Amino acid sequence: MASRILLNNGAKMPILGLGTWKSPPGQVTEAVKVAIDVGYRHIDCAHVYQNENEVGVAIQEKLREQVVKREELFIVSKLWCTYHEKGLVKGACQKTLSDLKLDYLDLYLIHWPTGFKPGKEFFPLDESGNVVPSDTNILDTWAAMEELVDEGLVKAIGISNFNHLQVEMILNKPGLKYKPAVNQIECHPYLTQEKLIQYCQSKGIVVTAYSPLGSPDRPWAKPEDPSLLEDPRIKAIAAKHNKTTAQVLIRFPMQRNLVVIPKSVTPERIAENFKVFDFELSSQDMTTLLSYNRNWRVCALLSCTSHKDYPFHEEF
C-alpha cells in the first residue's frame, strides 16, 4: 500500500488527508498542527468552511518549526458556487491563498457543479428555499480554473460532486488545456459509488472519498438516518482486525485506490485515524462492506434539485 497516488499532472497525492468541514475556527488550528506532527501531509480545505485563516496559521507554524517543508504538504481547496462566474474565479483563489498564507495550492476543485448568484450569501435562497443560480456554465468556469494553472497559482485543478456526464463535458471541451486530476465525491459503505469510481479511474482521474465516516456531526442529521460508526456489522469487522470502526472505514476506500479525507478536531482521533497503514481488510471484508450500499447521501444539496446542473438526477 503506497501512501501516495500518482496524479495526471505528475504530482503524487497523499492517500490520507485531514478534512476540515465543521472544524470550528478556535480548534482547527490545533487539529492541523497535531495532524502534521502525527504524519498527515494532506489537508483538505474550502472557502465555504470559513476557517482557512486558521488552517493557514497551523501550516505556517509547522513550516517555521521545520517539522515539514512546504513541498512535502499537499494542500487542497475548493472554489465555492458563488464564484463560478469566469471573472470571479481568480479573485476567489487568491482570497483562499491569502487565508491559507500560501503562494500555491496543490489542487483547486470546483466544489459543486452548480453555480449560485454572486454576493455575500453562501446560499443565496429564493422564497421557495431554492438557490438563486448564476447565469454560468461549467465549461466557462473550467476555462477560468485552467488560467490558474497557467499562472502557477495552483499545481492541479479538479472537480467535486460532478456526475460522469459533467466530467465528460470537461473532457470533451473544445480547446481543453488541462484534464481534471481529481473528482472529490461522497463515498462510504452506504454510498459505494461503483459506477462513478470505475468511470473516473478509467479516465485517469483520481477519486477522493469524502464523508467516509458518514459525517456524524452533519448539522441536518436526523435520528432515523443510518449510522456507519454504530453499524454492528462494521464493528465486527473492526473487532476481527483489532482496530476501530473508524479505522476500518478509512482503510476501506484506500484499498479501492481512492484518496480519503476523514475529519477530526480531537487530537486522539486525529492520531487514531492515521493508524491505518498497519493492517489489511480481506477480499471478503471488501465484498462485504461493498454490499452495504444503500444509495444514502450525507450531501444531497437539496436546495438545488431544480438547478440545471444538479449532479444527482443521473444514475452516476
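Position 1 is the first residue in the sequence shown; the rest follow in order. Between two forms, the rigid core is defined as the largest C-alpha subset superposing within 1.5 Å.
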| Farther-lying stretch by C-alpha RMS in 4 other deposited structures of this protein (rigid core fit) among 196-204, 219-227 | 219-227
| task | Compare 123-131 with 86-94 and report which one shows the larger root mean square C-alpha deviation from this form in 4 other deposited structures of this protein once the rigid core is superposed. | result | 123-131
| For the stretches 233-241 and 190-198, which has the higher mean C-alpha B-factor as given in the deposited record? | 233-241
| Mean CA B-factor: is it higher for 14-22 or for 289-297? | 289-297
| query | At the C-alpha atoms, which of 131, 89, 81, 182 reaches the highest B-factor in this entry? | reply | 131
| Largest Cα B-factor, entry values, listed residues 158, 214, 174, 113 | 174
| said: Can you tell me whether residue 66 has a C-alpha B-factor in the lowest, middle or highest third compared with the other modelled residues of the same chain? | reply: highest
| said: When the deposited Cα B-factors of this chain's modelled residues are ordered and cut into thirds, is residue 222 in the lowest, the middle or the highest one? | reply: highest
| note | Assert third(CA B-factor, residue 27) within chain per record equals middle
| message | When the deposited Cα B-factors of this chain's modelled residues are ordered and cut into thirds, is residue 35 in the lowest, the middle or the highest one? | response | lowest
| message | Ranking the modelled residues of this chain by C-alpha B-factor as given in the entry, is residue 125 in the lowest, middle or highest third? | response | highest
